[PDB]
Structures are given as structure tokens and as C-alpha cells.
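Enquirer: One structure, as C-alpha cells, below. Some questions next.
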Amino acid sequence: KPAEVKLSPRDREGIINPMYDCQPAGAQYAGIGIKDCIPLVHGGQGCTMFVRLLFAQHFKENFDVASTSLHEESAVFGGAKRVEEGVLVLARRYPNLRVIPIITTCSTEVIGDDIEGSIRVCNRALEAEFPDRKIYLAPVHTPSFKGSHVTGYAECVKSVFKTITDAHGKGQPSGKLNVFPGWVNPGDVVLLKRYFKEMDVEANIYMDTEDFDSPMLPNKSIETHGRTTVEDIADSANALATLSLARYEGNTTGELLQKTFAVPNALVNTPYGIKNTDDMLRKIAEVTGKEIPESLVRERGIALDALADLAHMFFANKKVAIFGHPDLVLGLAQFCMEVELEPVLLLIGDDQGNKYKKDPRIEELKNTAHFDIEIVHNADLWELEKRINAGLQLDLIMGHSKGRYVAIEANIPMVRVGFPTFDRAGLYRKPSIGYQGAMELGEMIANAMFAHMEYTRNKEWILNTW
Amino acid sequence: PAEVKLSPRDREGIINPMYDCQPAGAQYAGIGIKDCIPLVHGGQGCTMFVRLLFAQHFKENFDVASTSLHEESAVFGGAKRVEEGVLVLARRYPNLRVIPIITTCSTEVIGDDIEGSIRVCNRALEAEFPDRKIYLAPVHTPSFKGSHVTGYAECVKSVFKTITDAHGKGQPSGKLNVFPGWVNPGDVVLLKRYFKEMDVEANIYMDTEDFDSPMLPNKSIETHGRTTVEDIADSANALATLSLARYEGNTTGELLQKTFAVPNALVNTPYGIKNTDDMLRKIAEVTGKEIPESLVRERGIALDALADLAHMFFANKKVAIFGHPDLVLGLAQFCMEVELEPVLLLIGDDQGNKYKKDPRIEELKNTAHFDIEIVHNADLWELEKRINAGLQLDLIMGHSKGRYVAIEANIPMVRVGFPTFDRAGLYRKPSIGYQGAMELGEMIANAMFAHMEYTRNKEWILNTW
Amino acid sequence: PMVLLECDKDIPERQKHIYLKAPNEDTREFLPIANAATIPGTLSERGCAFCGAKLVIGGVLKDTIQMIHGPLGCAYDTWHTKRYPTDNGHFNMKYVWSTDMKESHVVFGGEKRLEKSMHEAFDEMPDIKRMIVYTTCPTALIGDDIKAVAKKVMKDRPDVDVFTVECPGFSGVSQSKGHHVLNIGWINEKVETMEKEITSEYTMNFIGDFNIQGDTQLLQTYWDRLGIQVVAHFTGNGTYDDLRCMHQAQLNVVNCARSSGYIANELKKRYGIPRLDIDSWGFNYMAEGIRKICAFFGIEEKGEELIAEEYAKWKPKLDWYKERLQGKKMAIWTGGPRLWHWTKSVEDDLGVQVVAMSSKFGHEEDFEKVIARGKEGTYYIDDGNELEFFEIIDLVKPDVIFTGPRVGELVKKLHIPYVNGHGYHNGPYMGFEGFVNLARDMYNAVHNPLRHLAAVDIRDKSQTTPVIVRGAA
Ligand code: CLF
Ligand code: CLF
Ligand SMILES: [Mg+2]
Ligand SMILES: [Mg+2]
């Protein structure tokens, strides 16, 4: 019987151990990458404060997000005045504020507050009070009872781009690429910037989160900010092309810019592993007419050299489970097979299965795998734990830190990937995409296995002459 | 009652040696030179075992040849093995330029006249290859003194003497000479970036970046040192020498000062924040170039990362460190910056009379609030035995030949120095500088975190730190 | 006087919330307004009422499913964020449960979705027999009757017991309302529904302690030495069924009078159980609390033996830290009670001067206590916000801030060290040993080479890089 790649839904109505947060959390993440932006989350206070804590867990940094502080009165009689006051209190106390994504929650979606109407009120009020400022208010509809933080991220990026480009329109061609890498770490942004620099390609990376890893400086200044400005976003209408790296994390903004401004959008496989990075670089060369540089041939070759020290010795035939954002899960499954790992269980955590079934990377796995793969959509992390309890034999888990107790108790080595990775130090600074990222993922896998061999006394003497 | 004490190993024998012998270090020096194949004059194991050791650390081949001393040479002398070995190398490797001729215990005991063989071979090579120049450097490395640390330093010095003797002083280059010592490719990459950002021209001796070589579409082999004859010859013409390692190349900086009046500046090896700061201040002093904002920022990113770890996870934790002397003393200082307590420092060779004078000892004596034992002439059994007698350690920092000590004692361990064969990719990860301090601190934390999970020691605490 | 901070010029209502204590004032004229509505858009530190019920109180229990009836985010957001170990492998921290509400359920109702999720949770973990169901914003808004659902599930599953809490996030103004609703619901529905064996002549409940980093387990070593049976811990390292037995205790010992005073008050009213308020943080406070407990029970000598042994074990180290922490300036920016439990204990036992305090959700009661115990020249802030924290730092220049991790990571940029005033650094912090642990973390936070290094600008030719000499007790 031939290997089979099977998609299946979670068979429970409820969730145990959710893989993702809700849409408003992802909208907050999109917004914190914008310079001079403070998102305003219209709903109860937990919807803000718990998400600021989540970002502190992943990045070990503070990010500014405000609440409208919905209380009983507003829950019963309507929350428009909480929005309106929150926008004015922000503008009054933050003189440099320029962008406020107004992010709905379950509460304010259920009660039907008219966000666009509150924006008209606020625009009137702000134009009267602050005639020399322009503040962009973007309506972000993120009911938490649909989708997940992945969809909320995509929705917020799209809404902010619509708002800012509606105001500025199309103008002087920039000669630049738009790049939507999706939900990646600062280290992934650093790597992409280097690739564009080495290929002599001007690009804006949306959002530019490099400075989330901010210094502690002699002058005590706070630099923990997004670098993407209003001007950068507005300039997306003028780009040569859009490179979208993540189908579920920004491609819809690339599509919107194609429809509105005739900026051609190029969606490529998210660049996890060697082939996906090669194909991203080929697309960049195609759209720009720029040559792929020797420096990237060399980085690729150093990655391959490193991975060749590991694949048949330590990885071949080892079984892997992967969970995280869909672009990351599918991309890491392809990386794993390049290094002879066998990703037998892929878990994707939300209600977007109608889309996942059409992802061309599913077909790519069907056409390559020599082992069965189960892809569970609408998955929770109990879907992983229960399968291990029932006898699934895994050699490795790759996923975010909220799955840590599954791996710890099952005594399975885990590599921390995706979001949030709070239970190890410095991972936000490590690339996972590109050639360097493939190398650093493979070496994390090996080093996790090596430590496990030592702790379990499983042929630990073999780590000498590999 | 607050005491940093130096003491020797109390046993005559060794169990579990920390370092290899001098010839191994001489080989390591030589493989960082472009178009160099060292020739190790002695029995075959003295070559082959060291080529294996380099493959363990780097996961790469390096070319080193043997003179294949056999029984007849042990009775009558081995000069003809040297002479044959040089010609066989020159004839079969047309691009070869440099041959350090490294002695061993055998060839030191029997007293072969290396300098006399070099005169023979220079005459032979000049006759046979009129348009070629091959530099033969005599490297005296008896294994019954010193260690691979001393052997490295001796080979660097001899090669520099040989090449600069041949070319002398020329026109000022405006460059620095930099002797980082025995460091990884990742350390070399970091230093090159620092000099680039500071707009300082420098030669790094030896430039081992390309030891981490690609697997390329054209099947080209690039696994070579980048330091050329011309680079070494130009050391005579430098503005100054920056020596980062007292025991690993400072004597070459001094030789260049004595011979060519190139002023040598020895600084603390740049492990940790202060030592990196002071290195950059010396560079600025000697060059007149300002320290760039980019290095203030990298420093600040390192401090930010280390501040997430020091009082939460590191404070009052007891550390043992072993490795090369410059690395051990430098890492002890780094440890202190992050609130770790390096209570046991082990240095593995007979150079105690020098180590007692090292100014970093005094820097430790004036700062530690806990007793520090520095064991010189140490072996790794000195660590295991102390643990067995009750020494409580939270962390070991050292090279991979100590792994079983840590594994069996159930103590987390960060792999530093040479060789680090039992983890992947460490040769590519800086340990010096600001980024290196950050990388070291995060290895320490991540080793502790994994240990907490495997041992179920408050593993729930890794959520909101 | 009351203080209008510069950053509050356009929200001048904040003046009523910030008191700077000055000589000769009648403090009754200067009590901050507390427990009032939050101002939108301020970056207030407050959380929601659901948080106060599930994260803070109910979720501490070791043997109970925490079924959050709502969309998935309220569950995700209350998981991997607390440090309340148990003695059963930390079941409470490993899991969280959601009904995964969808749009259909908003439109047509979520009661069947909850019912199915409850049966699934009990089926997936057959050895777990207890559950708390919480409402969240949208399930409250649509009127799902979770008590009726729970009643039906209990009829269908005679092996289980379920408690319900109606605690949407928009209830009240903060976490506080969640405390209230859970306390009152528990005493009205579940107290006096079970009994346990009484094995001591001396029995108590310990009310308002949540086992942060093992605090409860450390205090239990005292009660075991004294021969006192704890009927129930509310809720540190607790079980659902122990809480059903609370009416059996002879004494209620209260630490967190904010979150858990409600149930102590109702237990006194209904059962006659006296309420004893203590401070279980602070070295000399802990001794006073043990002496009060022992005086109530008539076991004064046993209490003196315990205190003498604990002083001999820990007071020398405490005094080592006091010598080095004397005069250091501290801020406490936490929920509320730790302000009044810590201001005078760090002063008495460590010589530390608390110069600024902020309470997310304290009531006027909490401000009465903190101002009574606190210094002149200190700022007392109700419902503080981020820009106020910066201005306060500029006014008082603290050497250390006890606050949550995110604010700690903010103030790090200003070269100010922090200790986690919520989840601790290296706890526990209650009891005799715990105050030594607190002192140690404060010492290592402030006497930290990295702080000194960060201040050096290597470009300044006039500057060198210092070496700092530290110590250990
Ligand atoms: S104030 Fe509190 S945490 Fe907020 S929703 Fe309300 S009970 Fe809950 Fe829930 S799913 Fe996400 S996090 Fe909100 S938008 Fe709704
Ligand atoms: S051929 Fe064999 S390995 Fe060589 S010495 Fe001879 S027995 Fe030994 Fe020993 S100490 Fe070092 S490695 Fe040599 S130079 Fe002497
Ligand atoms: Mg290699
Ligand atoms: Mg940081």
C-alpha cells in the first residue's frame, strides 16, 4: 500500500491546550511592528493585557497596546464612547502617535459597535483638536469566534495598508519590492535584509521588527519599536512588485495592492529549507532582473555542508511531529525531508481547513513522502498528547513553547520554533528561514538529540567521530 | 577569609589529559596558512591522530604530512626522512609554499639536525624548482614540555621569523597585526566585522574563516587558511600588533617589536564585556580611530540579553572552567559579570611559573567574593575527583573531552574551547566580543533550562522570566 | 497632597488617584479613589474580571478542569502564565480548556457546545472528576445558562461535580470583581456539601494564599510542626473537595484580604468561624502571625519553639542582606495587597525604603492599610498607567522595582533592575525562609555588574569600565 498524506479535522468540539491565540492577539502583533503606532483593543481589559504579556514572554520586551476598557455599562448600552475616548486619550498623551488600529474583540463584535462611525467621530474630533497632526485610524474587525491569531494578523496588516494607501494613493514609482514575510522573528528579518542587500535589491519588509531586540544603551533610550513607517506603508502602492512569503500571513495584502494599484503580487513557498529558499531567490531575480550573488551560493553551500554532517547519521528515518502557524508547519515539513527526517504528524490549529486543503504544498508532500503523514487541522495540542498516549512513536517535536509539557513528560526532544518561544533564550534572534536558518534549525535538532542521548544514556559514546 | 589560590596537581601521572602535546599545536598553527602543509618529523601517529582531532573539532580534513620515522632512523638518525619528505611534498604539490618542519618527542630525543636538513633541502629545491620559493621553518616542539598551547605559539613565532627573515622591512602598510590566539572561525568572523566597522585595516593571524567551507556546485575545495606568505611578510610593516592571548601568539608580537620596532599591545583576551571594551579602547588608542556606534549597539544588545539571565538564573551558581589559560581566565571574568561564581579553574600544563604572574589572577583576587581554586598542571581527573569528594557545581564550561564527567555527575555543561566535537556548529558561534558574550550566556541558560526539564527541577518557572 | 502628574494634564481626574504623603496631613482627607472605572486609552495595568476568577483563584486547584466557556483566546491567554506548583505533577499548569465558541454559537446559543465540551473533557481524562465552568465576555452577552448546563451534566455523570462562575471580563473594572463573584458563589453553592475527617484538636482554613512558587507548601511545614490541621487552603495546592469542607474549621487565617476576605466574612457570618488577618510575608510579621494562631489554639509554647528554630536558621542571613540593602529605594507596582504586606516589612527587616507604590485594582480598604504602614514622601497610586510610571521614576529614582515581567523589561532600559513582584524570581517568598529568598533576589538585582556596565559609553575617552565586588550571605 502506497504512503498516504491524509487531512483530518479535530474530532472534538472543545479545545484542550489551544495552539494559537484569538484574532485580536494577531492584530496586536501586526500593529506593534509599525513605528508611532499604539493599537487600541476595543473590548474588555484582558484582551489587551494578556497579549502584552504574551509578547513579553516571546521577546522579553514591553510593547505598547491600549484598551478601551469595556465595562458593564458599555457592554449593555454600547461601547462607542469608550473607543472615542480611548483614541483621544492616546492622542493627547502620546504627541508622536500616528497610527491607531482599532481592533475589535468578541465583546464588541457581539454588541455590534459601529467602529467606522466611531472613526468618523474621532476624525472630526482630532481634526478640531489637533489641526497640525494626522492620525490614521484603521478599523480592524477581528471577532475571536472565527479564525485565530494567524487570520487576525493578516486582517490587521490588510486594514492598515488599506487605510494608509487610501489616504496617499499611487504616485512616484519607488523601484522597491514590497516584502510580506509573515509572522517571523527579528532574526528572520535580519537575514532577509542581508539577502536583499547582497542582491542589490531595494525592499521594504512589512513589518520591520528588527529593533524588537533593542539594546540597553548608555543614554537610557528606548528603541524597542517597529521600524515600518506610515511613509513606508504608503509607498507600497508604488512598488515594482510584492513578494509574499506567507499565504496565510500577508498574501491577502499583496493581493489587495495588486487589485488596487496594479503592483504584481508573487506568492512563493515560505523559505524554510533549501529548495524553498532557492525558489524565493529565483523569484526575486525574475521580478527585479538582478543576479543571485556568489555570496548566497556560498551561504547555501555552508548550510549544506553542515546539514550533510547530520542527515544520514542522526536524522534518517527519525519521526517528527510539527505544530505552529500553517506556513511554518508546511515549510518545516519540506525542510525536514531534505535532511532525511520523516514529518509524520503535522498539526495546524484553526478553522481554515477549506483553505489548507488547497495549499499546493500538500500536493508537494503527497508527491514526495514515502511514509504516511497525518495533517490535523483545527488541531489543539491535546491532539498531539493523545496520539503519543495511544502509541505514536516520535523522535522529535518541533513547535512553540506552549507544547513544552507534552515533550517533557513523553521524554521526546523538542526544538522550539514559531511563536511563542518563551522557554529558551535568544531564539527570536536566530533565523529559521533561508540558508543560514536551515543550518541553524538542523543544528538545533542535532544538539537537542545529542543532549537527549546523554541524559538517557542512548549510545552517548557515539558523539566522538561523527 | 576570601582567597584565590594557585596549586599544582598533586599526582605525578595524568588521568584524562586536558591538552595534547606541543606538535599538535604546531600543526594547528600551520593549517591556518594558505599553501602550507606541515611536515611532522616523527612516528606516524604524531600526524594521523592530530589530523583526526582537527576532523573531530571542525568536521573537516586538513593536510599534514609525516616523515614516517621507522626503526632504522631510530638507530642511525632521521635526517634523510625529513629531506625525503620535503622533496616528496614539493614534487607532488606544485602550489605548496610553506612547510613548518615540526619535531616530536622521538626526533628531539635523537637530536636530528633540522636546520642542517633545511640547508640541504633549500639547495635541492632551488636547483630543482628555479622559479619557486618554498619556506621551510624549523619548529622545535618536544612533547615532554609544555602542551599544544605552547606548540601553537612556537610554530607561529618560527613561521613569522622564517618569512620575515626572507623579506625584511619594506614600506609602512598602515595595518594592524592581530594575533587572536587559538579561537574558532566564528571568533575570526566577529573580529573582522569589528575592524570593518571601526574602519581599521588589519591582518588576523591566522585567518581560519574558511575552515568552515562550503559544499559548492563546482566541487571546489576551499577548506584552507587564508593567511598568505605576503600577509605574514607584511607584519614587519604594521602600525602596531594587537595580541589577544598571552600564551597564544604574544611572543610573536614581541619578536616583531624587537626585530622591526612594530609596537606590541597585549590585552586581556576579549571574553566578556569589560575585556571587549578594553580591547576596543586599545584599538582606538593605537589607530586614532573612534569606536563606532554599531559596537555600542551590539554591546547594548548583549547586555540586554544577559540581564534577562543573570540575577534570575545565574546568581550564586558555582562553575568549573577548563581549557586554554587565556580562555579560562577570560571566561572566569565573563562569569563574574553575569553573577556566576567560577570556583574552580583548571589549566592543563607545566607553565605555572608564568600563570602565577598573570595580571588577570590579581584582577580575580581583587574581585571575587568566594574562594577560587586555580589548579595548574591539571588533568580532567582533577575535576572528577573533586566532584566525587563533594564539590557542588551547577555548571561546567570546557571542551568535549570532559563530557563524561558532566554526564555522569548530572551537571549541565557548555562546550567552549578546543575540541568541541560532541555538539554541532560551535566552531561557527563566536565566544569573544559582545555577540560572543551573549551567545555564551544564552548557551549557559539553555543548558540550565534543559537540565531543569530533564530533572524536573522547577521546570514550570520557564514561563514568565 | 494629591498629585497631578505632568503626563496626566489631559486626564486631570487622575489627581484623585495619586497621593504623596506629607508631614502632618490627616490621611483621611487624602485617600485615593480606588476601584473606580478605568480611563480608556491610558495603558492602565488592569486585567479583566474573568482573570480574577480563573487565573488567580480557581485555576490554582490541582484536580479540577478549568472549562472556559468562550472563544479560544481567553483560554490561551490564561495558560503558561502562572507559577503555582502542586504536589501532583502540576496538572493545573499543564492544561487549559475552551468551548471554542464559533459564530454559530453567538447567533444560536452556546449551551450545547458547552455541554459537549464538558463531556469531552471528562471523557478525555477519566480520573478527573471536578470542574469549574467560567463565562467570558460573549457567553455572558448571549445569556447562555451555564448553571443549567452544569446541572444537566451532573445528572448525566454522577461521578462528577461542577461549579459555575458568571465572570465576563467586562464585569466590574478589573480582576477584583472576579474574586468577589467566585468567593460568593463558592460559599453559596459548595461550602457544606462535603465533610472530611478531623484529625487534630486544632483546625483552620488558610484563606487567600495561591501557592506562588510553593509558598503554601512552605507554610504547611509550620502547620504540620504545630499539629494544626488545615481543613482547606483557599486555594494554594488545594483540591476542589477540600473547599467544600470549609465550614468545619475552627479558625480562618487570612493573608489576601482583597481576593479572599469575602469568603472569610461569609464563613464568620454563617458558621461563626473567626477571621484572623495576618501577614505571611515578612520575617517579623511571620512570627507575629504564628504567635496569634498559637494563642488562639492555646499552643503558645509550640509556637515559640518553631519561631526560635526559624530565627536561628534564617535571621543571620536576613541580617547579612539588611546590612547591604539598608537605605536602598524600592517601588512596588503590583495588584494591591503586597503594597501593604511589604512596605513596612522590607523597612523593618531589610532597611529598605519604599518610595512609590501602585495598585492595579485595590480598593479604598487597601489604600487605608498601605498609607497607615507606609512612609512620608512616598507616592501611593491607584490604577497606575505606563506614562505615570516613567514620571514617578524621575521623581523618586528607585534602586529596584517589584513588578511584573513586562514592566521589568521596560524599566531595564532605564538601568533599573526588577524583581518579579507577582510570580517571584527565586521563591517562595512567604515565611521566614521566603523573606530571605526575597532579600537575596533584591540584593542580586541591585548589586549587578551589568547595570554598571550598561552605563558606560565606550566612545567616551574619559570613561573606563569598572569592576564591581559583590557578596553572598
Ligand atoms: S476581557 Fe477577559 S480575556 Fe478578554 S474576551 Fe473578555 S473574558 Fe476574555 Fe477572550 S476570546 Fe480573545 S482574549 Fe478577548 S477577544 Fe474574546
Ligand atoms: S608515533 Fe605513536 S602517537 Fe606519536 S609520540 Fe610515537 S607512540 Fe606516540 Fe606522542 S607525545 Fe606527542 S603524539 Fe607524538 S609527539 Fe610524542
Ligand atoms: Mg563543514
Ligand atoms: Mg531584550
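Identifiers in this document derive from the order of the C-alpha cells: chains are assigned A, B, ..., residues are numbered from 1 separately in each chain, and ligands are numbered from 1 in order of occurrence.
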Pick out the residues no farther than 8 Å from ligand 2, counting only C-alpha atoms and all ligand atoms, and list them as a ChimeraX atom specification.
Expert: /B:20-24,42-47,49-50,103-106,141-144
Enquirer: What would the file look like if the residues just selected were written as a compact mmCIF listing (two decimals), in the first residue's frame with N, CA and C atoms?
Expert:
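result-v4.txt was written with the following content:
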```txt
# COMPACT_ATOMS: atom_id res chain seq x y z
N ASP B 20 46.57 18.31 24.29
CA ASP B 20 47.50 17.50 23.53
C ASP B 20 48.94 18.05 23.71
N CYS B 21 49.90 17.38 23.08
CA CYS B 21 51.30 17.78 23.15
C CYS B 21 51.65 18.89 22.16
N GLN B 22 52.87 19.45 22.34
CA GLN B 22 53.30 20.59 21.53
C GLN B 22 53.14 20.38 20.04
N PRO B 23 53.54 19.25 19.43
CA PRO B 23 53.45 19.14 17.99
C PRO B 23 52.02 19.32 17.47
N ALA B 24 51.02 18.90 18.24
CA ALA B 24 49.62 19.06 17.79
C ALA B 24 49.30 20.55 17.63
N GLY B 42 58.67 12.55 12.91
CA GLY B 42 58.48 11.59 13.98
C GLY B 42 57.68 10.42 13.45
N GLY B 43 57.22 9.63 14.41
CA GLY B 43 56.40 8.48 14.05
C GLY B 43 55.06 8.93 13.48
N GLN B 44 54.38 8.00 12.86
CA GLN B 44 53.16 8.29 12.07
C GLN B 44 51.99 8.71 12.91
N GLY B 45 51.88 8.23 14.14
CA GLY B 45 50.72 8.58 14.98
C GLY B 45 50.71 10.05 15.31
N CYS B 46 51.90 10.65 15.40
CA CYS B 46 52.02 12.06 15.74
C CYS B 46 51.34 12.95 14.72
N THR B 47 51.23 12.51 13.49
CA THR B 47 50.47 13.17 12.43
C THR B 47 49.03 12.70 12.43
N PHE B 49 46.88 11.04 14.29
CA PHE B 49 45.95 11.28 15.41
C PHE B 49 45.55 12.75 15.46
N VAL B 50 46.43 13.67 15.07
CA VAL B 50 46.14 15.11 15.12
C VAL B 50 45.26 15.48 13.95
N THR B 103 59.15 19.11 15.03
CA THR B 103 59.75 17.95 15.69
C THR B 103 58.76 17.33 16.67
N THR B 104 59.12 16.14 17.13
CA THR B 104 58.30 15.36 18.08
C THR B 104 59.19 14.88 19.19
N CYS B 105 58.63 14.19 20.18
CA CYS B 105 59.45 13.57 21.19
C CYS B 105 60.59 12.71 20.59
N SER B 106 60.29 11.91 19.61
CA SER B 106 61.32 10.98 19.07
C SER B 106 62.48 11.75 18.50
N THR B 141 59.46 21.34 18.95
CA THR B 141 58.27 21.06 19.79
C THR B 141 58.41 19.74 20.51
N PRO B 142 59.44 19.57 21.37
CA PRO B 142 59.45 18.36 22.22
C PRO B 142 58.17 18.21 23.02
N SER B 143 57.58 17.05 23.06
CA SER B 143 56.31 16.86 23.73
C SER B 143 56.43 16.69 25.18
N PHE B 144 57.63 16.52 25.69
CA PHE B 144 57.87 16.31 27.12
C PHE B 144 58.07 17.67 27.86
```
Enquirer: Check which residues fall inside 9 Å of ligand 4 when counting only C-alpha atoms and all ligand atoms, and print them as number ranges by chain.
Expert: A: 59-61, 212-216, 224, 426; B: 301-308; C: 409, 412-413
Enquirer: Each residue of chain A with at least one atom at most 9 Å from ligand 1 should appear once, together with its nearest atom pair and the corresponding distance in Å (one decimal); atoms considered: only C-alpha atoms and all ligand atoms; ordering: chain, then increasing residue number; output as a Markdown table.
Expert:
```
| residue | atom | partner | partner_atom_place_in_ligand_line | distance |
| --- | --- | --- | --- | --- |
| A:21 | CA | ligand 1 | 11 (Fe) | 7.1 |
| A:22 | CA | ligand 1 | 11 (Fe) | 4.8 |
| A:23 | CA | ligand 1 | 11 (Fe) | 6.8 |
| A:24 | CA | ligand 1 | 14 (S) | 5.7 |
| A:25 | CA | ligand 1 | 11 (Fe) | 7.1 |
| A:41 | CA | ligand 1 | 14 (S) | 8.7 |
| A:42 | CA | ligand 1 | 14 (S) | 8.9 |
| A:43 | CA | ligand 1 | 1 (S) | 6.3 |
| A:44 | CA | ligand 1 | 1 (S) | 3.5 |
| A:45 | CA | ligand 1 | 1 (S) | 4.8 |
| A:46 | CA | ligand 1 | 3 (S) | 3.9 |
| A:47 | CA | ligand 1 | 4 (Fe) | 3.7 |
| A:48 | CA | ligand 1 | 4 (Fe) | 7.3 |
| A:49 | CA | ligand 1 | 3 (S) | 8.2 |
| A:50 | CA | ligand 1 | 3 (S) | 7.0 |
| A:51 | CA | ligand 1 | 12 (S) | 8.0 |
| A:69 | CA | ligand 1 | 1 (S) | 8.5 |
| A:70 | CA | ligand 1 | 1 (S) | 8.0 |
| A:104 | CA | ligand 1 | 14 (S) | 7.4 |
| A:105 | CA | ligand 1 | 14 (S) | 4.0 |
| A:106 | CA | ligand 1 | 15 (Fe) | 4.4 |
| A:107 | CA | ligand 1 | 15 (Fe) | 6.4 |
| A:108 | CA | ligand 1 | 14 (S) | 8.8 |
| A:142 | CA | ligand 1 | 14 (S) | 7.8 |
| A:143 | CA | ligand 1 | 14 (S) | 6.7 |
| A:144 | CA | ligand 1 | 10 (S) | 4.9 |
| A:145 | CA | ligand 1 | 10 (S) | 6.9 |
```
Enquirer: With only C-alpha atoms and all ligand atoms counted, collect every polymer residue having an atom within 9 Å of ligand 3; state the result as a ChimeraX atom specification.
Expert: /A:302-309 /B:58-60,211-215,223,425
Enquirer: Once you count only C-alpha atoms, which residues of chain C turn out to be within 7 Å of chain B? Could you give them as a list in words?
Expert: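 Contact residues on the first chain: residues 80, 81, 83, 405, 425, 426, 441, 444, 445, 449, 450, 454, 458, 459, 465, 469, 470 and 471 of chain C.
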Enquirer: Would you tabulate, counting only C-alpha atoms, all residues of chain C that have an atom at most 7 Å from an atom of chain A, showing the closest pair of atoms and their distance in Å to one decimal, sorted by chain then ascending number, as CSV?
Expert:
```
residue,atom,partner,partner_atom,distance
C:7,CA,A:93,CA,6.7
C:10,CA,A:92,CA,6.6
C:38,CA,A:69,CA,6.3
C:40,CA,A:86,CA,4.4
C:41,CA,A:86,CA,3.9
C:42,CA,A:66,CA,6.6
C:43,CA,A:66,CA,5.1
C:46,CA,A:45,CA,6.6
C:47,CA,A:46,CA,4.8
C:48,CA,A:46,CA,4.8
C:71,CA,A:145,CA,5.2
C:72,CA,A:22,CA,6.2
C:73,CA,A:22,CA,4.5
C:76,CA,A:21,CA,5.6
C:77,CA,A:50,CA,5.7
C:80,CA,A:402,CA,6.7
C:94,CA,A:405,CA,6.5
C:95,CA,A:17,CA,5.9
C:96,CA,A:17,CA,5.4
C:97,CA,A:16,CA,4.6
C:98,CA,A:15,CA,5.0
C:99,CA,A:14,CA,4.6
C:100,CA,A:14,CA,5.5
C:101,CA,A:145,CA,5.6
C:102,CA,A:145,CA,4.4
C:103,CA,A:145,CA,5.6
C:116,CA,A:13,CA,6.9
C:117,CA,A:14,CA,4.7
C:137,CA,A:107,CA,5.5
C:138,CA,A:107,CA,5.4
C:169,CA,A:44,CA,5.5
C:170,CA,A:71,CA,4.3
C:171,CA,A:72,CA,5.4
C:172,CA,A:71,CA,6.4
C:173,CA,A:71,CA,6.3
C:406,CA,A:62,CA,5.3
C:407,CA,A:62,CA,6.8
C:409,CA,A:61,CA,5.4
C:410,CA,A:62,CA,5.6
C:413,CA,A:216,CA,5.2
C:414,CA,A:220,CA,4.8
C:415,CA,A:220,CA,6.9
C:454,CA,A:218,CA,5.6
C:455,CA,A:218,CA,4.4
C:456,CA,A:218,CA,5.8
C:457,CA,A:218,CA,5.6
```
Enquirer: Apply DSSP to the backbone of this structure and, from range 139-342 of chain C, keep only the residues in strand (DSSP E); write these as JSON, numbers by chain.
Expert: {"C": [161, 162, 163, 164, 165, 203, 204, 205, 206, 207, 208, 209, 229, 230, 231, 232, 233, 234, 235, 251, 252, 253, 254, 275, 276, 277, 329, 330, 331, 332, 333, 334]}
Enquirer: Given only C-alpha atoms as the basis, pick out the residue of A:301, A:437, A:181, A:324 nearest to chain B.
Expert: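 Residue with the minimum atom-to-atom distance to chain B: A:301.
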Enquirer: Run DSSP on the backbone of this structure and report the residues of range 358-436 of chain B it assigns to helix (DSSP H, G or I), as a ChimeraX atom specification.
Expert: /B:359-365,381-388,400-409,426-428,433-436
Enquirer: Choose the residue, out of A:393, A:355, A:341, A:300, that has the smallest atom-to-atom separation from chain B; count only C-alpha atoms.
Expert: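 Closest residue, counting only C-alpha atoms: A:300.
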Enquirer: I want to know what sits within 7 Å of range 373-376 of chain C, based on only C-alpha atoms, with residues of the same chain fewer than 5 positions away left out; could you give that as a list in words?
Expert: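 Close residues of range 373-376 of chain C: residues 21, 22, 23, 340, 343 and 344 of chain C.
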Enquirer: Write out as a PDB file with N, CA and C atoms, in the first residue's frame each polymer residue whose atoms come within 7 Å of range 93-97 of chain B, counting only C-alpha atoms; drop sequence neighbours fewer than 5 positions from it.
Expert:
```
ATOM      1  N   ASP B  35      48.445  27.542   1.340  1.00  0.00           N
ATOM      2  CA  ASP B  35      49.540  26.861   0.624  1.00  0.00           C
ATOM      3  C   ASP B  35      50.628  26.379   1.564  1.00  0.00           C
ATOM      4  N   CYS B  36      50.184  25.851   2.696  1.00  0.00           N
ATOM      5  CA  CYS B  36      51.025  25.265   3.729  1.00  0.00           C
ATOM      6  C   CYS B  36      50.628  23.832   3.987  1.00  0.00           C
ATOM      7  N   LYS B 133      59.641  29.465  -4.678  1.00  0.00           N
ATOM      8  CA  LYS B 133      60.206  29.649  -3.345  1.00  0.00           C
ATOM      9  C   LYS B 133      59.379  28.891  -2.337  1.00  0.00           C
ATOM     10  N   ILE B 134      59.997  27.998  -1.581  1.00  0.00           N
ATOM     11  CA  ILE B 134      59.330  27.263  -0.504  1.00  0.00           C
ATOM     12  C   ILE B 134      60.012  27.648   0.774  1.00  0.00           C
ATOM     13  N   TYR B 135      59.221  28.043   1.775  1.00  0.00           N
ATOM     14  CA  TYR B 135      59.723  28.476   3.069  1.00  0.00           C
ATOM     15  C   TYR B 135      59.697  27.303   4.027  1.00  0.00           C
TER      16      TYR B 135
END
```
